Amino acid sequence: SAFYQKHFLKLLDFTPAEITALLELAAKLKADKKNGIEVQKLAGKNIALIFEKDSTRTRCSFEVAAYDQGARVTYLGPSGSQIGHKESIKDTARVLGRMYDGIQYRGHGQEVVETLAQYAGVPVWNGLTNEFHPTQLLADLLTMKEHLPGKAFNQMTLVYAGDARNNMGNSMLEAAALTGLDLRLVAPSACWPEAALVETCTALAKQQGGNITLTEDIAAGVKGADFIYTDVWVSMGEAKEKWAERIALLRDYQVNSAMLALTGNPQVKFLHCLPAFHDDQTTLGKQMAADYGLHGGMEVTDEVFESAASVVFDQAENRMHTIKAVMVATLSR
Amino acid sequence: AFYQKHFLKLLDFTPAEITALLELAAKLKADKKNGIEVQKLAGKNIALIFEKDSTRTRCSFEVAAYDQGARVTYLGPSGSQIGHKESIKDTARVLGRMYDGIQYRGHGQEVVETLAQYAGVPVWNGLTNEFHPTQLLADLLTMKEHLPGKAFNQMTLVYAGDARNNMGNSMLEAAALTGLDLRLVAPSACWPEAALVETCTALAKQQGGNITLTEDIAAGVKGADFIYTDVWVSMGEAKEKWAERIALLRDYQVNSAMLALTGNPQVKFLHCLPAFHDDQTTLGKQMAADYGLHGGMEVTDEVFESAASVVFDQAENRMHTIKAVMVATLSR
Amino acid sequence: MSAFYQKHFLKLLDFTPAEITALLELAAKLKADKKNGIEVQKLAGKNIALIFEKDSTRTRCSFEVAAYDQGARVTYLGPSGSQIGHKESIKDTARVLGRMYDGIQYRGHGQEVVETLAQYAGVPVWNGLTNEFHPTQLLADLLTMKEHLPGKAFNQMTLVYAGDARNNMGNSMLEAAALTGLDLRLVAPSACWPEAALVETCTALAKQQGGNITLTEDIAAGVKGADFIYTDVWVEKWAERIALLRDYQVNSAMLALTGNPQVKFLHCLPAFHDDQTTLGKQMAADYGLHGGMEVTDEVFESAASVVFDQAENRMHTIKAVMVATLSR
Ligand SMILES: [Br-]
């Protein structure tokens with residue numbers, strides 16, 4: 001169980017038994033705080049948080065985890081020039097490494113984070129890159145374990161519905177490759193991940209006791225699901241015209257009550273990394289209902305999001321406990 | 001009995017509770033001045049939501065937190081305001097799972113009301129369009145310190161300028177709870193909503209006070225123990241809107257002649273800040289050249305710098321009263 | 001040492017040589033204490049405001065980490081909206097912050113700003129960089145020079161700054177020689193020399209301490225016998241400054257001309273040495289600056305380069321300033 005002074009760049013750098021140990025430490029740390037017996041292992045330690053792109057949830061998780069454990073943080077938010085434009089990453093890592101005990105990087109390509117790791121001389125943790133999002137996956141795996149206790153991940157069935165090509169989709173293939181989940185990607189074929197990545201993650205997951213299924217057939221795809229998972233269909237970085245065709249393509253794949261009933265599982269739980277477009281009284285939600293008929297929600301309805309099946313807020317809380325585990329395990333012995 | 005309650009506006013409390021809160025601010029001010037502050041918020045994490053910037057409010061919350069042993073996460077203005085893309089409810093519930101208390105500053109009172117309904121932890125209004133309670137906490141403690149022998153219902157407070165805003169609304173609230181003799185000295189298009197005026201005037205009268213709205217400066221300021229003002233213009237509004245507000249309000253500039261009109265040599269000057277009193281700042285120079293505003297705008301440099309002016313006691317007191325709010329609501 | 005309590009740190013010339021030496025010995029103490037896990041926090045209960053009117057990741061991290069190690073808390077007030085003095089007066093800013101904070105760092109625009117904050121704050125104000133002076137960097141550099149050239153007093157050392165010196169870095173070089181007796185050479189084009197009255201003031205003070213200050217376009221004469229070589233980034237308009245300054249690049253040839261194979265290289269950072277960066281590929285492609293700009297990557301990564309010790313020592317010296325001016 002030695003993560004000490006290791007990096008945390010992507011969940012694939014670890015074995016199933018290590019991810020399990022990291023999750024058990026997070027559950028202990030979580031329980032420790034709930035019971036007011038939290039032992040700080042990071043008193044004296046200073047952490048730098050590089051954010052080349054904004055994410056509040058990920059910042060607050062790193063900040064609160066550090067504070068609970070007694071560390072102090074410097075938040076280095078977006079400043080324009082990405083590292084490697086004007087100044088080499090080599091140079092950034094060696095200056096921060098002299099000064100900080102640990103470095104979170106959230107931003108662009110995995111090549112960036114991997115270079116920062118090689119030169120910092122201190123643990124580097126990936127809060128998100130274009131390619132991998134291991135803190136979010138950790139948090140999802142901990143939530144899944146808490147609500148379906150006593151079952152290995154290869155005793156579980158996960159549905160991810162909607163657009164499986166985006167960065168959260170690839171994380172699902174990563175999750176099943178390492179844990180052996182029974183994974184079902186319920187999406188229109190235009191939004192399927194690259195077939196090569198699919199062939200290769202299925203083999204890894206098959207060898208781990210699970211499978212990966214890609215299908216446009218919702219009623220078949222979701223049978224037996226323990227958890228349904230979705231994310232937003234569109235991006236504020238594209239125009240109105242792009243939204244129209246994404247919504248027409250994907251609206252049939254909305255997680256709604258009828259989808260959940262198609263599972264045949266009365267204890268199915270619902271997951272969403274957030275932010276979620278479920279409330280049609282927001283400014284954007286009122287436009288989407290008026291323009292596209294999306295009353296009651298988009299990728300997930302308000303009824304499901306607010307139902308007892310929804311654990312999205314346990315899931316968000318767990319960002320913090322899992323990130324705390326990463327930092328305690330890589331910075332203290 | 002502020003434990004786990006919110007701080008959204010002054011009239012969510014009784015006079016005796018506000019009095020209890022002011023005496024706590026005084027104790028925590030004295031404890032820090034004497035070097036014997038007791039950290040009550042150690043282990044607490046606080047989130048500061050700033051949809052609009054205000055360094056005075058940010059620093060007051062940061063230093064009070066830090067003095068009490070807490071840690072803070074400052075969420076500055078960032079893209080789309082809460083409730084545009086993501087539900088207020090969702091922001092509330094995610095923050096509440098991670099933080100022990102939340103400060104909000106930005107837009108409508110309904111935003112901070114929703115945050116408080118769904119966060120599960122105390123939520124403190126650091127300023128909305130409609131109310132600004134922590135500022136008025138500081139002003140009341142400042143007033144008590146500078147007239148320590150008088151009760152609030154023995155004091156006369158003039159607020160001059162434009163009162164159709166969160167400051168005018170909060171003056172009314174404060175008068176309702178303390179019995180102040182409150183004069184809003186302003187043009188008639190600049191008075192707060194009649195309904196709120198009516199409600200607070202009846203309450204002020206029961207606490208031994210009054211609320212008078214008038215365009216008549218000389219009668220308005222007669223007897224003032226304190227004169228209070230704020231800037232006439234918000235940055236980012238059109239040039240025509242600056243020129244119409246200046247034309248309408250410049251007669252209500254707090255200047256030496258207005259202080260003299262009180263007949264009170266002891267009269268003191270308050271201003272929530274920032275203030276436009278210095279015609280040598282870059283903006284001061286543009287307003288002096290364009291509108292003739294030499295000597296300052298809503299208040300003159302002479303008044304601002306004079307012994308009458310207690311604006312920086314008032315700024316410090318932002319921190320101490322905000323500390324009492326957090327201490328009172330986060331610990332028992 | 002309590003002679004420092006409640007003082008400002010606006011520029012080196014506000015101090016005596018003995019006082020500068022006191023701040024360095026404290027910096028070395030605090031650095032050795034950290035290395036050994038025996039740092040004693042002097043700043044518990046203290047809150048510090050960092051006014052950054054211009055971005056500087058190195059200066060900010062140094063101040064934050066120094067604060068945190070000593071048990072203080074910080075409020076980073078970075079760039080947002082209008083600068084101090086545009087809408088609100090410097091004085092007003094100083095008097096509000098001074099009521100809530102135990103000290104104020106300022107970084108950004110002119111020296112009159114930091115000086116007005118210090119006049120009115122009522123608490124210690126530290127200059128983290130103005131257009132005219134950059135004293136915390138020079139402290140870090142002085143400590144770095146003493147560490148890598150141990151058995152020598154400052155007035156027995158020869159330091160060269162190469163590049164553009166008509167700015168806060170040349171000005172502060174002048175200050176450091178005036179306070180320590182360095183044998184200081186500024187090796188730069190004639191259009192890149194600092195103001196003459198500062199040169200004159202500092203040249204005498206330096207002579208009273210056993211050193212000299214020399215300004216020359218002549219590189220071989222300028223860098224002869226140097227113990228250290230220092231430079232900084234030179235920067236259309238870009239093109240005016242490159243052609244003017246590229247012959248003053250610090251490369252293997254320039255260090256050879258010192259005749260001192262123990263010469264060390266200093267750079268305040270950030271540095272343009274890597275020609276594989278987005279900017280570095282554009283500068284090689286468009287101006288023929290292969291292998292770097294004001295310092296070649298060969299010098300930058302050589303055993304002669306001590307830039308990352310210099311950078312760490314930003315923190316230790318900023319720590320010493322804040323400990324000496326805040327704790328009685
Ligand atoms: Br902190």
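Residue numbers begin at 1 in each chain, while the letters A, B, ... track the order of the sequences. The analysis underlying the following values was restricted to heavy atoms, covering all of them including side chains, and did not include hydrogens, waters or symmetry mates.
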From B:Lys89 atom NZ to A:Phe305 atom CZ, the distance as rounded to the nearest 0.5 Å = 9.5 Å

ask   = What distance separates B:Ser87 OG from A:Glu306 CD, expressed to the nearest 0.5 Å?
value = 7.5 Å

inquiry  = So, taking the atom named CE in B:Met98 and the one named CD in A:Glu63, what distance separates them when rounded to the nearest 0.5 Å?
reply    = 11.5 Å

key: Test log, rule side-chain contact (heavy atoms from CB on, under 4.5 Å), inputs B:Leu75 and A:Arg59   = CA-CA 10 Å; B:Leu75 299 177; A:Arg59 185 196 166 185; 3.5 Å; yes

ask   = Charged N to carboxylate O under 4.0 angstrom, B:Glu86 versus A:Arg57?
value = yes

ask   = Is there side-chain contact between B:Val94 and A:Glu317, with heavy atoms separated by less than 4.5 Å?
value = no

ask   = Distance from B:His84 atom NE2 to A:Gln287 atom CD, nearest 0.5 Å?
value = 8.0 Å

inquiry  = Is it the case that atom CD in A:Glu303 sees more than 12 heavy atoms from other parts of the structure closer than 6.0 Å?
reply    = no

task = Please check if atom NZ in A:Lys41 has more than 12 non-hydrogen atoms from other residues, nucleotides or ligands closer than 6.0 Å.
result = no

request  = Say whether, by atom type as modelled, one donor and one acceptor occur between the side chain of A:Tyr67 and the main chain of B:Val72 under 3.5 angstrom.
outcome  = yes

Contact origin within B:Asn45 toward chain A - heavy atom pairs under 4.5 Å = side chain

query = Within a strict 4.5 Å, meaning less than it, do heavy atoms of the B:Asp90 and A:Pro275 side chains meet?
reply = no

query = Is B:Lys5 atom NZ crowded by more than 12 heavy atoms from other residues, nucleotides or ligands, each under 6.0 Å away?
reply = no

message = Check this for me: B:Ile36, atom CD1, are more than 12 non-hydrogen atoms of other residues, nucleotides or ligands nearer than 6.0 Å?
response = no

